[PDB]
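Engineer: Just so you know, the protein sequences line up as chains A and B, in that order. Using the authors' numbering, the letters of the first sequence map in sequence onto residues 1 to 117. Using the authors' numbering, the letters of the second sequence map in sequence onto residues 2 to 117. Each residue gets a CB set at the ideal place from its N, CA and C atoms; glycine is no exception. Got a structure for you, questions after.
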Amino acid sequence: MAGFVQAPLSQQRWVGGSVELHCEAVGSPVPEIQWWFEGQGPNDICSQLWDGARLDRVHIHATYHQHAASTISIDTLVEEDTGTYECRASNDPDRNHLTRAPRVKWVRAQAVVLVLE
Amino acid sequence: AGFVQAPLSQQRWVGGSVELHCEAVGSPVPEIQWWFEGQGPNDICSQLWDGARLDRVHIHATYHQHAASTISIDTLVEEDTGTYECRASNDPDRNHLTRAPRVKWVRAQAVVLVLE
Numbered sequence: 001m002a003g004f005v006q007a008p009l010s011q012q013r014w015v016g017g018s019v020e021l022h023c024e025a026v027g028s029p030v031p032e033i034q035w036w037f038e039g040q041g042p043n044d045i046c047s048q049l050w051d052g053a054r055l056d057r058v059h060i061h062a063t064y065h066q067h068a069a070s071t072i073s074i075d076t077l078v079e080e081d082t083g084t085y086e087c088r089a090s091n092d093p094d095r096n097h098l099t100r101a102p103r104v105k106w107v108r109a110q111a112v113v114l115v116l117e
Numbered sequence: 002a003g004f005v006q007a008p009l010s011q012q013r014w015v016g017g018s019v020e021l022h023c024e025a026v027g028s029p030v031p032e033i034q035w036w037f038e039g040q041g042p043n044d045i046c047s048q049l050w051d052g053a054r055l056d057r058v059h060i061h062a063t064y065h066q067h068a069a070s071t072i073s074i075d076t077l078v079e080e081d082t083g084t085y086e087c088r089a090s091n092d093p094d095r096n097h098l099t100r101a102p103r104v105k106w107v108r109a110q111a112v113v114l115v116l117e
């Protein structure tokens with residue numbers, strides 16, 4: 001099982017500024033962390049972020065020594081960076097690949113980031 | 002509304018007890034709720050309440066400056082296994098007053114595994 005020892009923090013930021021969200025988890029084995037995101041307005045859905053996203057303004061750095069630590073950073077914010085950011089952790093051996101596996105459940109921890117002019 | 006402490010996943014024995022804690026901030030001070038989803042594809046997240054599961058589930062919360070909430074479960078059974086989720090919000094329409102714009106609470110999860 002994976003468990004959170006630090007959740008990301010909701011916060012108010014400015015267009016052209018920047019944001020940094022942090023997430024930490026424990027388990028044995030040491031769990032994996034991903035970051036997920038969902039904009040505002042009931043047309044946006046929860047999908048995975050990746051290192052280099054949004055024209056290379058999104059950066060994700062992770063370490064896995066004894067526990068999982070992950071920092072997501074975003075350069076030069078724009079209003080549409082507004083939304084909910086979700087850290088997910090799991091040490092389930094099947095979480096990746098494809099498998100006809102049912103399971104596949106990660107623990108989630110959300111922060112909301114609001115970007116204002 | 003955001004978390005400054007997420008609940009922490011825990012493994013326990015049948016017949017034992019568990020306790021999960023949740024800290025959240027915002028102005029105004031956000032409300033905390035606990036929600037739960039058992040294992041297997043046929044379960045959903047539903048709100049837990051104080052006294053649930055034949056008065057084995059107790060929920061205590063305070064809201065001075067910070068939102069602090071604790072869920073406790075006595076005499077654990079196997080079907081207590083699953084994902085517990087702390088939800089927080091200070092949105093004034095929170096109590097889904099039929100007022101049907103949004104509904105979005107911030108969420109932080111912990112898993113609880115109860116082994117025989």
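(1) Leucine 77/A touches chain B at which residues, Cβ-Cβ below 9 Å?
(2) Does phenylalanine 4/B come within less than 8 Å of chain A when only Cβ atoms are used?
(3) Using a Cβ-Cβ cut-off of 8 Å, state whether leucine 114/B counts as contacting chain A.
(4) Strictly below 9 Å CB to CB, what residues from chain A border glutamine 12/B?
(5) In terms of DSSP beta bridges, what is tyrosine 64/A paired with?
(6) Measuring straight from C-alpha to C-alpha, what distance separates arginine 88/B and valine 5/A?
(7) Does residue 136/A pass the burial test, meaning 16 or more other C-beta atoms within 10 Å, or should it be called exposed?
(8) For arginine 108/B, go through chain A and note every residue whose CB falls closer than 7 Å to its CB, in chain order.
(9) Alpha carbon to alpha carbon, what distance is there between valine 115/B and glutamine 11/B?
(10) Where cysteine 23/A and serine 47/A are concerned, what is the direct C-alpha to C-alpha distance, given to the nearest angstrom?
Structural biologist: In terms of the structure at hand:
(1) Correct list: empty, because the minimum Cβ distance to chain B is about 17 Å.
(2) Taking a beta-carbon distance threshold of 8 Å, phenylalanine 4/B counts as an interface residue toward chain A.
(3) By this cut-off, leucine 114/B is an interface position.
(4) What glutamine 12/B touches in chain A, judged by beta-carbon distance under 9 Å, is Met1, going in chain order.
(5) Beta-bridge annotation (DSSP): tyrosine 64/A is paired with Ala68/A.
(6) Distance between the alpha carbons of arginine 88/B and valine 5/A is about 17 Å.
(7) With chain A running from 1 to 117 in the structure shown, residue 136/A is simply not present.
(8) Correct list: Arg108 and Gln110.
(9) Distance from the CA atom of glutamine 11/B to the CA atom of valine 115/B, rounded to whole angstroms, is 9 Å.
(10) Cα to Cα, the separation comes out at about 18 Å.
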